[PDB]
């Protein structure tokens, strides 16, 4: 039934607030939290993300978290901002200093218990809690550190529920914060054990998309965030909108996840629009199918053609021909057949929603479990191993009473995931 959402750190709140903006508009909810939409379907599954408050008002089941007041205040003073319950804003002052160990162990643990106080309170108001949803950067202090601390602390309290995350992968293309690989490596380990499914949102891909495709010379976070928000409404569509399913976070996990550690998903969107740019004319059914499977459209900087798909899920939005949709979908896995495991029969599922996204008459979202993702980790591990080799910026970490051995552990944990990814890539039916 219901989903409890946690947004953490600068990026967590930044992406979270836009997700909340996107979906509120989709559901007929205005910034004051009142409803004035035209379709009953908007409210049909509203109970997933919104608490039906007093005076016929709807208010997100969302907890906002940071070890700094900064982003927290911008959100509060944001367009919708007022919409969120102000009791749920669990904020600190200390800062996490783009240091995972400050977040996960020191400054972060001081606020963690206060966070769970609010999370318990939102879990109470549930007829049947489905699970949790976390938005965070794996390169900061709060996002990476305290976000994974919360995972571990929620996981203890709600083992039975689903743990789903939207994790944003660091890139030099975006942030000259040297230690970012360290934070990303430590978080990935925590994720590999504590979440059920993670949508890997690579800032390398995001910059490249805005830059090479969208032709944005100097793309902003606003520009990258728009793609993340596009993607999120996409992935969450079947959960929010009524269709032919039924519509569970668990059912998706059971189908999309063949092996436990391997739950990092490569999202992809089509069409790729520029932030606040009025749409030209709509894409045809094949255009959507083609684009959706293009490396150029992938939310994580990996080539799907350099690997094999264990499982794929595709969501089509708008009032388009499903016979055409199905014709194309098969054609694709009938030529590209060699990019899909023979040992997972019928590994590509397809959903259609007549409710198109704002400003798009027709969109398609892709969710794939590609061994290709090992490229993402390899990149991180490479950058990590470089600094670690040097024992670079390591007193920032050991200064939080941490261990060098914790790093060597994390390093190997990253490597084992690549060895595991490659294992099934290579693996044959015979």
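Numbering follows the first chain given and starts at 1.
Enquirer: Quick one: say whether 280 to 288 or 167 to 175 has the higher mean Cα B-factor in the deposited entry.
Expert: In the deposited entry, the stretch with the higher C-alpha B-factor mean is 280 to 288.
Enquirer: Using the B-factors recorded in the PDB entry, average over the C-alpha atoms of 84 to 92 and of 209 to 217, then report which stretch comes out higher.
Expert: Comparing 84 to 92 with 209 to 217, the higher mean C-alpha B-factor belongs to 84 to 92.
Enquirer: Have a look at 54, 369, 374, 365 and flag the one whose Cα has the highest B-factor in the entry.
Expert: Of 54, 369, 374, 365, 54 has the highest C-alpha B-factor.
Enquirer: In the PDB entry, which of 233, 190, 185, 244 has its C-alpha at the highest B-factor?
Expert: Among 233, 190, 185, 244, the PDB entry lists the largest C-alpha B-factor for 244.
Enquirer: For residue 7, return the chain-relative third of its C-alpha B-factor as stated in the PDB record: lowest, middle or highest.
Expert: For residue 7, the deposited C-alpha B-factor lands in the lowest third.
Enquirer: Check where residue 155 lands among this chain's C-alpha B-factors and tell me if it's the lowest, middle or highest third.
Expert: Answer is middle: the recorded C-alpha B-factor places it there.
Enquirer: Going by the recorded CA B-factors, say which third of the chain residue 306 sits in, lowest, middle or highest.
Expert: Middle third - that is where residue 306 ends up once the chain's C-alpha B-factors are sorted.
Enquirer: If you rank every modelled residue in this chain by C-alpha B factor, which third holds residue 130: lowest, middle or highest?
Expert: Its C-alpha B-factor belongs to the middle third of this chain's values.
Enquirer: Taking the C-alpha B-factors as the PDB entry records them, is residue 294 in the lowest, middle or highest third of its chain?
Expert: Middle third, going by the recorded CA B-factors of the chain.
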